[PDB]
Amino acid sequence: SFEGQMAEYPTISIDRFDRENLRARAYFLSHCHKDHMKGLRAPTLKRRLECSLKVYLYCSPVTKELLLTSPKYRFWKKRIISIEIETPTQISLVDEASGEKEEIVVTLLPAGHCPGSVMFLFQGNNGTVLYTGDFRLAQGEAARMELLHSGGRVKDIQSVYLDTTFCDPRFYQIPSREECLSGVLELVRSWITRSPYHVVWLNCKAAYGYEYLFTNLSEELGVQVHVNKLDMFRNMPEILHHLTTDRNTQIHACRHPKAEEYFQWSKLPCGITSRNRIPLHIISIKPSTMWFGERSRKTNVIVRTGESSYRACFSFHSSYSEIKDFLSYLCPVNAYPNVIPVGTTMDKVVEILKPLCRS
């Protein structure tokens, strides 16, 4: 996993805030997922913050909003500079101890992973580097990003720091964002139009990224999505108008430690079994990554798992095909995996990455 430092610009720390990252001249957070926030509220970092008043955290506006909602991260309130998407911004890295100054230009590119998720393009004195954070990009997407180009061709990129979550030909293809939404939309419509007592439970992990499913179900079916908390989105109207804490809805994305046991007993996580004394009829839909081999005999994105239970294709991360297309196109001198998954090794990931780089 990515220890926070790119070889070319070692005095900035991205998505890791512990150990050698405690000396960073500047911090960046690609997105508000716990995996990418290790050390970010360590007591030793809060202290260092009060000593070095020049050290800041840079992220997207959305990421800043989502981070400053959690009470454990309020000590950052005044030490976070949001940068707008697709907006080259010069940052003055200064060393406290030595007086050394360095200038670096950063561009945030949308990563398609969760609200506020960015890639960081860095341009300075030691080449051009791309840190992808976590990303999901359809085939061709890199070729349509203007700020990855100069004079209509791709920039000379020394190094790519790449989300390799599915970097194996096993995960050749994953159904697209649109096919995944469409499959869920139709299952949900087919159920909740049967009677006002037919309800769906969207069984989603407790992390940002399912918002676009809730948004699109809500738009297309005129029904707000029940959640536990929506206060993180209070200054974000384009998600918030699709959610509600009012349990009187046919679409639930509420959560509870015993939600499975609740489901066995025809109870929604927020605790209701009934409306006007009439029992609800619940189906559970569980977003779950599905993938297809190169032989393109793809199957339904909806998979029925029992009497009242479904899995639906959904992915936060690029397939193997999308990784290869993205890296192939950028043709950097170097590509470095942000993760080595449990099923593979640095050697096999590098065997995949090396042929897509220069020469």
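One-based numbering along the sequence shown. Between two forms, the rigid core is the largest collection of C-alphas that superpose within 1.5 Å.
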Checklist entry - in 5 other deposited structures of this protein, superposed on the rigid core, which stretch sits farther off in Cα RMS terms, 102-110 or 274-282? => result 274-282
Checklist outcome for this item: Between 70-78 and 184-192, the one drifting more in C-alpha RMS in 5 other deposited structures of this protein once the core is aligned is 70-78
Next on the checklist: Tell me whether residue 97 is absent from the model in at least one third of the other entries compared, counting only those where the residues either side are present.
Outcome noted: yes
Next on the checklist: Using only C-alpha atoms and the B-factors in the entry, which stretch averages higher, 92-100 or 161-169?
Outcome noted: 92-100
Checklist entry - Taking only the CA atoms, which stretch has the higher mean B-factor in the record, 68-76 or 279-287? => result 68-76
Checklist entry - Considering only 150, 203, 250, 266, which residue's Cα atom bears the greatest B-factor as recorded? => result 150
Checklist entry - Going by the deposited entry, which of 129, 180, 236, 174 has the highest CA temperature factor? => result 236
Item to check | Cα B factor band for residue 332 (lowest, middle or highest third within the chain) | outcome: lowest
Next on the checklist: Quick check on the deposited entry: does the C-alpha B-factor of residue 270 sit in the lowest, middle or highest third of its chain?
Outcome noted: lowest
Next on the checklist: Going by the CA temperature factor in the PDB record, which third of the chain does residue 124 belong to: lowest, middle or highest?
Outcome noted: highest
Checklist outcome for this item: Split the chain's modelled residues into thirds by Cα B-factor; residue 199 lands in the lowest
Next on the checklist: Quick check for you: using the entry's CA B-factors within this chain, is residue 261 in the lowest, middle or highest third?
Outcome noted: middle
